[PDB]
Amino acid sequence: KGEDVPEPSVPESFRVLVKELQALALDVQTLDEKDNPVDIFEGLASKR
Amino acid sequence: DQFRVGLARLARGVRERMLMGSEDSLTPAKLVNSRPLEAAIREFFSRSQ
Amino acid sequence: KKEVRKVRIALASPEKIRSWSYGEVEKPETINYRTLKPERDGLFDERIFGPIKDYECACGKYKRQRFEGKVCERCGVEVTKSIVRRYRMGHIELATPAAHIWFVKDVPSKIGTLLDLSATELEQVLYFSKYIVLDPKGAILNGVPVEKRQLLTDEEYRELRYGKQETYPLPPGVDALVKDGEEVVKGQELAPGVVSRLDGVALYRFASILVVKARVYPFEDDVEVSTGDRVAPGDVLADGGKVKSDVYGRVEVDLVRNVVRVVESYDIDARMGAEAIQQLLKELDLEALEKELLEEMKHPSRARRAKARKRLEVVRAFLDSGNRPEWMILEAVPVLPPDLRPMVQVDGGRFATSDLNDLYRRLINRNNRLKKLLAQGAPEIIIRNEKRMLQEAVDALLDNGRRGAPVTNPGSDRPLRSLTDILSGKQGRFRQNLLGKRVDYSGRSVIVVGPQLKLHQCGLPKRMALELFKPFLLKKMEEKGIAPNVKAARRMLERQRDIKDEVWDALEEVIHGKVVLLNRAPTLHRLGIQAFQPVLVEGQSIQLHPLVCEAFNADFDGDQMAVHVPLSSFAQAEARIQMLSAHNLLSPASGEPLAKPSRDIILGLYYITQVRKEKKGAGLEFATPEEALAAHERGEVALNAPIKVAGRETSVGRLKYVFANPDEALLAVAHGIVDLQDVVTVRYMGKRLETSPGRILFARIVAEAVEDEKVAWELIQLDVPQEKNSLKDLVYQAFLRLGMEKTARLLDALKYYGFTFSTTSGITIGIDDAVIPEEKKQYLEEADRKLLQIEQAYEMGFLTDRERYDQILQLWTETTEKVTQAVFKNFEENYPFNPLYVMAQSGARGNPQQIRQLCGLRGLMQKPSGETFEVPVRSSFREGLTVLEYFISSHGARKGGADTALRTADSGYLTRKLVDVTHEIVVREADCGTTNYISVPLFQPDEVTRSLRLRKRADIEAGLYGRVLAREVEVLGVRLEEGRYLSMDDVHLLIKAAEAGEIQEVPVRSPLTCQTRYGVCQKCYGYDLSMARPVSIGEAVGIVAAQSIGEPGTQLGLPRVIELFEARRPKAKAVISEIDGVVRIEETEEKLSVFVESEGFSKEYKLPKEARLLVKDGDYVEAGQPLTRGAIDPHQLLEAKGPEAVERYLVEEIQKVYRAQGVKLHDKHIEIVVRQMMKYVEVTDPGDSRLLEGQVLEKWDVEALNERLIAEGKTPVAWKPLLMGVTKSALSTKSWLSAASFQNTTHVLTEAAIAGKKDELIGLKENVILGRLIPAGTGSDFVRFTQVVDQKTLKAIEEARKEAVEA
DNA sequence: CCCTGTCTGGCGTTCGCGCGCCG
RNA sequence: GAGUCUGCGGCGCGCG
DNA sequence: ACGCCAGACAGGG
Ligand SMILES: [Mg+2]
Ligand SMILES: [Zn+2]
Ligand SMILES: [Zn+2]
């Protein structure tokens, strides 16, 4: 198009890593300004 | 060396069939199985470092 | 849509295992061959993990994107691509618990330390083998009251539940000596042969007697109790409240004897193994043990209090962060996604699946078989035997190898890659993220010199470009008439014979002002990658500029360089502004240029500027007679006086020719009157200068490169042949004086002429060119005969077997060095212009030791071990190096090659470790106000016992160049202000002053004393950006430092540097004086002794036989002073002389090695690093948290600052400076992400989990993994926000403000 | 019961690129 | 109004 | 094979 590239979405290696780590008892959660949630997996993790 | 590693593997299973074969007719197939020797030798000429 | 600013590892709640979970994998069914579809509920079922297909469902009720977020009414399939299949998780519900191997086998057993059990052996004892525990209450005895938390066995537990049951068989036809339910005591004969072993009630079996620790209460009317129920003293049993029990216990209503026996054992709750630890873990009230430990900690002696302190941190971290410790036990195993571990079709029908599945099967199978083995009937031995295998299985998926190594059946004795394996190591998962390994717009080919090219550009193969800038080209095709659309333009290019010449026009046009990055094999420093303007060229090879060949270690025997392309208009910006070649001329290590003319350039630029000398046989005195002018000018015309004679004022060569204007001089050259290397007279701007044409020509080239002709002679020396150094210094000067890009112009200028002059010069190696000194024959014979004297001196018995050897070595060691200066002496006096020689003298190519091996002789080559050979290598390479001398010399070459191989690995590793600790260090500031500076010494103590000396020019320069004075210093007349950055010239001043004797030290800001916790400021770092002005805020200094140290290392030696970055106890230790008084020595036989003493006390220093002490009986010895000779132990020196001493020790002692090897790196760097070695300290007087603790220095400065300043109550937080090595500081830092990268991913995470650790992302390592923007650089909070304006939009916005006035 | 010492237990070991082979 | 799926781990050697 | 760090236990007062 000759346009300006969008701004990066989370890299799959990270996503692949969090779950790898989730495979292990450990729970890796990303957090916000005040320690609260944020979502790396855009919407496939919430259930149903 | 590998040929004798394979001979042991064959001799391993052949001893199991000394007990498996009902009566005397057990010389041919009751004692020999070419599976080990093949995998062993083969393994050496295509996979050995 | 928010930004991920903090990541956090926390333990998993079983409920959370279920929460992230989709379905439960309950059967070992991979995929059934007939249909490559997921078998049943199994490991790959799509419910549990996700849509096997695109957007479509199961059966196909809904098949596109319109209803993307809804599930099929009849079948539950929500869909995105099959990615929802690769991100979802499934869980397996284990039968009886098992524990994480990550928490149980880490050196410090997180559960062993928390739970006071034998840290490593009691665990392994009951975890994998057989021992059981009692939960709330169990009123009856074993001998003692109920064990609230202790553990019992199945046999003594068995006995308890049915009373005291022990069955006693009786031989057929034999009658017993007791009645059906008679009270039997321990030792009583229950029959002739049988004898009871315990008290209780003898019950009849059909054949056998079963005694029971119990009482027996007969009843006439019906029973109110039932077999199995528990009873206490009082509890009714039968006949109404008439028959009551008297003891706690189980019940057995025997209606065969119409009686109710109450076996001694009542309500007893019981369970063992992971089961036993799950119980204990649940019953602990962390608060209580916390308090308990507090007391234990500060009150008893150091043995049990020290244990309580290491036992209090874990309890702490749990309560503190929140996420409680009962989840350390596994009862729900999370199943990694399906797509992650590939079930793929290989060849002919072969299928490959990630080994993880084999281990998952293992666990599933065992858990199931266990479920079945407990429901069928449970014989103890077989239950444990399985729980064991079970427990081992659980390890397998988590971590294989900690304990034994599982293998796929006979095929490959290979450990199935366990989850730990996937997350750790060199090529692991944590390493794949951090280094992010494969670019989309990349390329690589063989490089080839591009002489005409300017540092600004690089020759890139058009064919390479076409693919590289393909999408950018496609669009441009459409902008023009070559192609209708993108897909069109693509097909147009899918074949090589289809490219219209018009496409090249388009590409040539698309790369117009864009630039690409080039990479070299090992990326040692920031210049390991540089940006250039691609100038499309034909062929395979990539044209690289010669001057940059120095930055990337690259010659042209086949080295290949990679190529990337900046996609964003932002990336391109930075890439061409701050990453291009021509703007990064100086090196980040030293303020010396890196665009120095290389070997080829210098050879050319040298040749042209040298003066020749020829023959003086007749008088050389024109200085005085006028008849000397005439006579020696006619004598020259004759054959007697040369054109370049040693004739003080002017050799006839100057008398004959005088040149007015500058040009005048070179025309005569071109006409064959004067060689360029000849000595003539010339009239310049205001002087009659006596200098050779060549020298004058060089003057012009520079003067032309940069038009400010006067400023060109101000910074050049035409009084000597241009050496790599004279040139090196001309670049540097030119950089400071005239400006960056103008310098770049000068470089290419020299580059161009150096190269041209080079070809014309005709310098070439010839066999005869290597010239052997006539003195070689002498020195060898002279030393030969002397060797006989040494032999005759031993054949008599005067010299010891050793003395003989050491003396002979010294004969050659000197004789060889003798031939060395001899050869050069020959070239200097007789062949000034020898091909081999000139190359070596000119910064070009050659090494004094090398030349020797060709014309002189390469004499001593050591044996395999190291002991040098007694016989030397009498030959040169000019003449036949003989058969054996070759072999003999071979041994050394081989050790050299092996050495180079192991140094390369260790050089990259050192760069890894330096980065592991200094990556976070970045410049983000405001002049940090804490003025605590470092003083750069200019003089050194002991070379010779004690004599003060001026440190080397080099060394001192290394210490004060481009630094920021801490305080004002009035030296030789000038007033060096505070905060001023001393230029090289300024550091030339201070040395000249110390010469006079006005200054011994220099107050200067340094990273060693910065206040900025995470980071370093502008005034503290200093000058050296790649540019010569002060450091710009937002420069990754940590790395830049780590790199400048890791490159030179490959030249080192290194073993010491390691001992130094890593606080260690070197080979030859030197006892440091912990006390400062004076010294004194003793004479007794065995051991000597150096004592630092006072009439009050002495610090006894045991100095064995081999140790050489140089402090003598008599004078003073400050704390941490060398009392022995050699290396020192940082820890002791820290204790004795203090931290300000360790830091400065480390620094100087590290520089010692590179100095001695030619490397010239600025102290700044080793400081950055060493600082981090000490970013931690121990605590001795608590406030917030308990005493023994190793925490971040500055985080205490925070604590103490607000505890005394903002909130009252001066609870002084007394700490102790702690010294740690680069490696341990990285291992143990704040964030875990960084730590997960090197040490042990296994440990790092364990702890970080336990204590819900919130990784506040600061530093470039941790924040790179996330693929998030770098906290340093443009992500620099200083410049991440900066807007631009046009006076036109400035007025328009003001018009927006004006419209704000209502009505 | 304390401090000191000794074997003991766990981890780590440049970078990039080619080619070719194998379940 | 094109986009899927394959190339992994290791081994050996060779260049830089 | 090695090297290094950190560890848990056992011996001599
Ligand atoms: Mg090369
Ligand atoms: Zn459906
Ligand atoms: Zn500072």
Side-chain angles (χ1 to χ4, degrees), chain B residues 39 42-43 45-49, chain C residues 53-54 81-82 105-109 112-113 118-122 124 300-307 310 341-342 344-355 399 401-403 408-409 411-417 420-422 424-428 435 437-439 442-447 485-487 490-491 519-524 528 552-562 900-913 1046-1047 1049-1050 1055 1058-1059 1062-1065 1220-1221 1223-1224 1227-1228 1238-1244:
Chain B
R42 165 135 263 72
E43 199 143 348
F45 284 72
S46 51
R47 289 83 118 151
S48 181
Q49 326 194 187
Chain C
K53 180 57 190 172
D54 262 25
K81 237 121 201 172
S82 52
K105 269 307 194 162
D106 207 82
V107 232
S109 189
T113 293
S118 311
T120 42
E121 190 173 307
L122 215 53
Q124 180 94 47
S301 301
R302 246 181 322 178
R304 52 203 178 203
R305 85 164 233 218
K307 157 159 262 202
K310 178 247 176 146
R341 80 256 201 211
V344 180
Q345 195 168 208
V346 200
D347 237 30
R350 280 134 137 167
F351 274 50
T353 129
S354 210
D355 283 20
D399 199 334
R402 291 276 155 133
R403 207 182 172 288
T408 301
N409 275 60
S412 28
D413 281 296
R414 176 182 59 228
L416 322 102
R417 208 175 218 180
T420 313
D421 260 309
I422 199 192
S424 86
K426 218 178 170 188
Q427 27 197 51
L435 329 199
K437 304 270 211 167
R438 243 147 198 191
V439 185
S442 74
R444 66 160 198 74
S445 163
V446 174
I447 68 169
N485 48 282
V486 218
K487 304 184 67 163
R490 202 166 208 189
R491 318 190 303 113
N519 201 184
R520 158 70 198 195
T523 332
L524 300 151
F552 328 91
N553 188 34
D555 56 327
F556 290 97
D557 60 5
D559 308 57
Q560 32 171 65
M561 282 161 86
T900 51
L902 256 86
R903 215 105 43 51
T904 320
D906 288 284
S907 212
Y909 200 20
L910 220 57
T911 17
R912 175 164 154 182
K913 264 156 189 183
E1047 150 191 52
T1050 310
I1058 321 299
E1059 251 168 5
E1062 237 65 86
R1064 306 181 172 190
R1065 163 181 168 173
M1220 311 176 352
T1223 276
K1224 215 184 85 176
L1227 268 48
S1228 36
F1238 159 27
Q1239 186 254 161
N1240 190 8
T1241 58
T1242 305
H1243 183 187
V1244 166

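In the text below, chain A, chain B and the rest are named by the order of the sequence lines, each starting its count at 1. In what follows, every heavy atom counts, from backbone to side chain, and hydrogens, waters and symmetry copies are set aside.
- Base pairing annotation: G3(E) forms no Watson-Crick or G-U wobble pair, as no partner gives both donor-acceptor distances under 3.5 Å.
- Within the 4.5 Å cutoff, no side-chain heavy atoms of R903(C) are placed close to those of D906(C).
- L524(C) has its CG atom 9 Å from the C1' atom of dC15(D), to the nearest Å.
- For the OP1/OP2 pair of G10(E) and a distance below 4.0 Å, the side-chain nitrogens and oxygens of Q427(C) include at least one atom meeting the criterion.
- Checking the phosphate oxygens (OP1, OP2) of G9(E), no side-chain nitrogen or oxygen of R414(C) falls inside 4.0 Å.
- Within the nucleic acid shown, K437(C) comes within 4.0 Å of sugar-phosphate atoms alone, with no base atom in reach, counting heavy atoms only.
- In this structure, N553(C) and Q345(C) both approach RNA chain E, and ranking their closest nucleotides by distance from the 5' end singles out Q345(C).
- If you take CZ of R350(C) and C1' of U6(E), they are 17 Å apart, rounded to a whole angstrom.
- Going from atom CD of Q124(C) over to atom P of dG9(D) covers 11 Å, rounded to whole Å.
- Checking the phosphate oxygens (OP1, OP2) of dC15(D), a side-chain nitrogen or oxygen of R912(C) falls inside 4.0 Å.
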- [ ] Begin from the C-alpha positions of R47(B) and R42(B) and carry the test side chain to side chain contact (heavy atoms under 4.5 Å, CB included) through to its verdict.
- [x] CA-CA 8 Å; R47(B) 289 83 118 151; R42(B) 165 135 263 72; 3.7 Å; yes
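- Counting any heavy atom pair closer than 4.0 Å across all strands shown, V446(C) reaches no nucleic acid atom.
- Checking the phosphate oxygens (OP1, OP2) of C8(E), no side-chain nitrogen or oxygen of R417(C) falls inside 4.0 Å.
- Between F1238(C) atom CZ and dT13(D) atom P there is a gap of 6 Å when expressed in whole angstrom units.
- Between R302(C) and the phosphate of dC2(D), there is no side-chain N or O to OP1/OP2 separation shorter than 4.0 Å.
- Within the 4.0 angstrom heavy-atom criterion, only backbone atoms of the sugar-phosphate kind lie near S46(B); the bases stay farther away.
- Taking only side-chain nitrogens and oxygens, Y909(C) comes nearer than 4.0 Å to OP1 or OP2 of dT13(D).
- Between the side chain of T1050(C) and the backbone N or O of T904(C) there is no donor-acceptor pair closer than 3.5 Å.
- Each of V346(C) and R47(B) was assigned the nucleotide of RNA chain E with the nearest heavy atom; the assignment lying further toward the 5' end belongs to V346(C).
- Residues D355(C) and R414(C) form a side-chain contact, since some pair of their non-hydrogen atoms from C-beta on lies under 4.5 Å apart.
- With a 4.5 Å cut-off on side-chain heavy atoms, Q124(C) and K105(C) count as touching.
- For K426(C), no side-chain nitrogen or oxygen approaches OP1 or OP2 of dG12(D) to under 4.0 Å.
- OP1 or OP2 of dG18(D) lies within a sub-4.0 Å distance of a side-chain N or O belonging to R444(C).
- Rounding to whole angstrom units, CD of residue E121(C) and P of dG9(D) are separated by 9 Å.
- In this structure, the side chains of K81(C) and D54(C) come closer than 4.5 Å at one or more pairs of heavy atoms.
- At the heavy-atom level, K913(C) lies nowhere under 4.0 Å from the strands shown.
- Here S907(C) lies out of heavy-atom contact (under 4.0 Å) with every strand.
- Rounded to a whole angstrom, the distance from the P atom of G10(E) to that of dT13(D) is 14 Å.
- When rounded to the nearest whole Å, the span between CG of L902(C) and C1' of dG12(D) equals 14 Å.
- The phosphate of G12(E) has OP1 or OP2 within less than 4.0 Å of a side-chain N or O from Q49(B).
- In this structure, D413(C) atom CG and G10(E) atom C1' are separated by 14 Å, rounded to whole Å.
- Using atom P as the reference point in both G7(E) and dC21(D), the two lie 15 Å apart (nearest Å).
- Judged on ring centres (limit 5.5 Å) and ring planes (limit 30°), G7(E) and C8(E) do not form a stacked step.
- A 3.5 Å limit on both hydrogen-bonding distances identifies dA1(F) as the Watson-Crick or G-U partner of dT13(D).
- Here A119(C) lies in heavy-atom contact (under 4.0 Å) with sugar-phosphate atoms only.
- Nucleic acid contact class of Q1239(C) (heavy atoms, under 4.0 Å, all strands): sugar-phosphate only.
- Across the protein-nucleic acid pair, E1059(C) atom CD and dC4(F) atom P stand 8 Å apart, rounded to whole Å.
- Among the atoms of the strands shown, only primed sugar atoms or phosphate atoms (P, OP1, OP2) are found under 4.0 Å from some heavy atom of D555(C).
- Distance from the side chain of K310(C) is smallest for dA8(F) among the nucleotides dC9(F), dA8(F), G3(E).
- Each of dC11(D), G16(E), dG7(F) was ranked by its minimum atom distance to the side chain of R520(C); first place goes to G16(E).
- Note on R903(C): nothing from the nucleic acid sits closer than 4.0 angstrom, heavy atoms only.
- Using a 4.0 Å heavy-atom cutoff across all strands shown, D557(C) reaches sugar-phosphate atoms only and no base atom.
- At the heavy-atom level, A303(C) lies under 4.0 Å from the strands shown only through sugar-phosphate atoms.
- An OP1 or OP2 oxygen of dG10(D) is reached within less than 4.0 angstrom by no side-chain nitrogen or oxygen of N1240(C).
- Counted by atom type alone, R402(C) and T420(C) present zero donor-acceptor pairs between their side chains at under 3.5 Å.
- Contact check for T911(C) versus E1047(C): no side-chain heavy atoms found under the 4.5 Å cut-off.
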